[PDB]
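Okay, so here's the structure we're looking at.
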Amino acid sequence: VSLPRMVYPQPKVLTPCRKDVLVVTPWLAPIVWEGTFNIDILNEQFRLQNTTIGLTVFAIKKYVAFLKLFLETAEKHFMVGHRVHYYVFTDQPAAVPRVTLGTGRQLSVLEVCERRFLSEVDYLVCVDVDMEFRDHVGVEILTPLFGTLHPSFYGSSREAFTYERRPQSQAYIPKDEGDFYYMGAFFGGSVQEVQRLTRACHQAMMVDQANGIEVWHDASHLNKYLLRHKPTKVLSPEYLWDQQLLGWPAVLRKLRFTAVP
Ligand SMILES: [Hg+2]
Ligand SMILES: [Hg+2]
Ligand SMILES: [Hg+2]
Ligand SMILES: [Hg+2]
Ligand SMILES: [Hg+2]
Numbered sequence: 064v065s066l067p068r069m070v071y072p073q074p075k076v077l078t079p080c081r082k083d084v085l086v087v088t089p090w091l092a093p094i095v096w097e098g099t100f101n102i103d104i105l106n107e108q109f110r111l112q113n114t115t116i117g118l119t120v121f122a123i124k125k126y127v128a129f130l131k132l133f134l135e136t137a138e139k140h141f142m143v144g145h146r147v148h149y150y151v152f153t154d155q156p157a158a159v160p161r162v163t164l165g166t167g168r169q170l171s172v173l174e175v196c197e198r199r200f201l202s203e204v205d206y207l208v209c210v211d212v213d214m215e216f217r218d219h220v221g222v223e224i225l226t227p228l229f230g231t232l233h234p235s236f237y238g239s240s241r242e243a244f245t246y247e248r249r250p251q252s253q254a255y256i257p258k259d260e261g262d263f264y265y266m267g268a269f270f271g272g273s274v275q276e277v278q279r280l281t282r283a284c285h286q287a288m289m290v291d292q293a294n295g296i297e299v300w301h302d303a304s305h306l307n308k309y310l311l312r313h314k315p316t317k318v319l320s321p322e323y324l325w326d327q328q329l330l331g332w333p334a335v336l337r338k339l340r341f342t343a344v345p
């Protein structure tokens with residue numbers, strides 16, 4: 064359907080807002096930074112499709128302790144205005160805190196789903212639970228397949244990336260290959276694309292197991309997948325930061341989703 068009439072500042076062809084960072088990859092995927100998007104336009108586009116976002120987190124053992132802060136801050140900052148379905152995978156269903164949710168937002172507790200996700204949500208986002216939302220994380224991220232720049236490596240040359248470097252591993256990436264180092268958390272996309280990815284990772288993990296090989301497990305396989313199946317958006321480190329470890333450098337105008345000491 065058509066967008067309604069909207070009044071906003073004219074984009075200026077000969078005046079980019081961000082001259083300090085790369086905002087598009089060499090395969091023409093946007094790299095999402097503050098100042099690259101008009102959230103009003105994006106919100107309209109996604110609400111006209113009645114978009115439902117699934118947010119998946121694993122909270123096992125001591126990590127259940129992070130759920131309250133995670134969910135309360137997600138209520139304040141994550142996809143506000145859109146339909147959200149939280150999926151909490153946990154070994155302690157009775158320890159999941161009762162957090163009050165906005166309208167159109169639901170939570171499911173799964174005790175520790197393929198067809199279920201296909202029928203319940205349009206996008207899936209996969210994050211770590213020991214995190215909090217500090218600022219807007221919205222529909223600007225949504226796309227068939229996305230990953231997030233690792234905050235420790237976004238300025239590094241690829242030789243420094245801690246990819247899997249053993250050729251015997253399915254996740255092997257040689258020193259002369261690599262676009263980016265993606266964090267092995269905060270990835271997502273359409274349900275179909277996220278299922279393809281997770282299927283691929285699980286198959287490759289089995290093969291490495293069978294060959295007696297186990299560096300960064302989920303992150304090394306993710307990085308191999310995203311090297312071979314290029315993401316359709318890349319999230320800047322605004323979306324995955326640790327202020328205690330890394331500070332607040334000028335290049336980050338917002339710190340949206342961060343580590344919790
Ligand atoms: Hg801009
Ligand atoms: Hg997921
Ligand atoms: Hg997940
Ligand atoms: Hg993979
Ligand atoms: Hg993976």
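Read in order, the letters of the sequence shown are residues 64 to 175, 196 to 297, 299 to 345 in the deposited numbering.
Each residue gets a CB set at the ideal place from its N, CA and C atoms; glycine is no exception.
Within the same chain, show all residues whose beta-carbon is closer than 8 Å to that of residue i, passing over the 5 residues directly before and after it, in chain order.
i, result
"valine 87", "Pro93 and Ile94"
"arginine 81", "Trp96, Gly98 and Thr99"
"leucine 306", "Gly230, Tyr265, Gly267, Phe270, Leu280 and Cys284"
"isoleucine 102", "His219, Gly221, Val222 and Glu223"
"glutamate 107", "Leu66, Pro67 and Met69"
"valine 210", "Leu118, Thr119, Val120, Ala268, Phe269 and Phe341"
Where does residue i sit, in a helix, a strand or coil, going by DSSP?
i, result
"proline 321", "helix"
"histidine 148", "strand"
"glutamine 112", "coil"
"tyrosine 265", "strand"
"residue 192", "In the model as presented, the chain runs from 175 straight to 196, which leaves residue 192 without coordinates."
"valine 64", "coil"
"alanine 334", "coil"
"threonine 226", "coil"
"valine 127", "helix"
"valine 290", "helix"
"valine 220", "strand"
"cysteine 284", "helix"
For the candidate residues the options, whose alpha-carbon lies nearest to that of residue i?
i, options, result
"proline 160", "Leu232, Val127 and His148", "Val127"
"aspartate 218", "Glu138, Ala334, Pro315 and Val64", "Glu138"
"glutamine 251", "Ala303, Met288 and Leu306", "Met288"
"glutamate 215", "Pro67, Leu66, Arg340 and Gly272", "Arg340"
"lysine 258", "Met266, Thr163, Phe244 and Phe270", "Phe244"
"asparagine 113", "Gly167, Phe236 and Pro156", "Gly167"
"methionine 69", "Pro89, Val76, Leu105 and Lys75", "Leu105"
"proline 234", "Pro345, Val335 and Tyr150", "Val335"
"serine 65", "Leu91, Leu111, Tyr150 and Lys75", "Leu111"
"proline 156", "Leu164, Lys125 and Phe141", "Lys125"
"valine 318", "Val84, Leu329, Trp300 and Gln73", "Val84"
"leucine 329", "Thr342, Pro74 and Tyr309", "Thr342"
"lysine 314", "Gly261, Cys209, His140 and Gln73", "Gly261"
"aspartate 302", "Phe263, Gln278, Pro89 and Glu247", "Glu247"
"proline 89", "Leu164, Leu324, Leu311 and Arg282", "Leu311"
"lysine 338", "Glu135, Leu91 and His140", "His140"
"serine 240", "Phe263, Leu324 and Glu203", "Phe263"
"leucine 232", "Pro74, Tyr71, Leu324 and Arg198", "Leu324"
Have a look at the DSSP bridge pairing and note the partners of residue i.
i, result
"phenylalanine 100", "DSSP lists no partner for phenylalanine 100."
"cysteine 209", "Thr119 and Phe270"
"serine 171", "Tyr150"
"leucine 232", "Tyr265"
"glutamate 247", "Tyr255"
"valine 87", "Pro93"
"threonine 166", "DSSP, once it has assigned bridges, lists no residue as partnering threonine 166."
"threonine 342", "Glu215 and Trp325"
"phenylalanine 141", "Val220"
Between which residues of its own chain and residue i is the CB-CB distance below 6 Å, once the five residues before and five after are set aside?
i, result
"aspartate 154", "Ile123 and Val175"
"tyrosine 237", "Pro321"
"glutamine 169", "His148"
"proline 227", "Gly272, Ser273, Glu276 and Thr316"
"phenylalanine 152", "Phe121, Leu173 and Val175"
"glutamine 253", "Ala287, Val290 and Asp291"
"residue 185", "Residue 185 cannot be located in this model; the chain continues from 175 straight on to 196."
By Cβ distance, which residues of its chain are closer than 7 Å to residue i, with the 5 residues on each side in sequence left out?
i, result
"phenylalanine 200", "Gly117, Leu207 and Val274"
"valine 344", "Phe129, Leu132, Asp213, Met214 and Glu215"
"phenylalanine 109", "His145, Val222 and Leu225"
"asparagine 294", "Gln251"
"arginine 249", "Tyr255 and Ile296"
"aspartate 326", "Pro234, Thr342 and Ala343"
"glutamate 242", "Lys258"
Is residue i close to ligand 7? I mean its beta-carbon at under 7 Å from any heavy atom of the ligand.
i, result
"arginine 337", "Ligand 7 is absent from the structure shown, which contains only ligand 1, ligand 2, ligand 3, ligand 4 and ligand 5."
Can you pull every residue whose C-beta falls closer than 5 Å to some heavy atom of ligand 3, listed in chain order?
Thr119 and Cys209
How would the residue list near ligand 4 read, in chain order, if you kept each one whose beta-carbon is closer than 6 Å to any heavy atom?
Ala283, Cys284, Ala287, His305, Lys308 and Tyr309
Near ligand 1, which residues have their beta-carbon less than 7 Å from any of its heavy atoms, given in chain order?
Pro74, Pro79, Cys80, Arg81, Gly98 and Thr99
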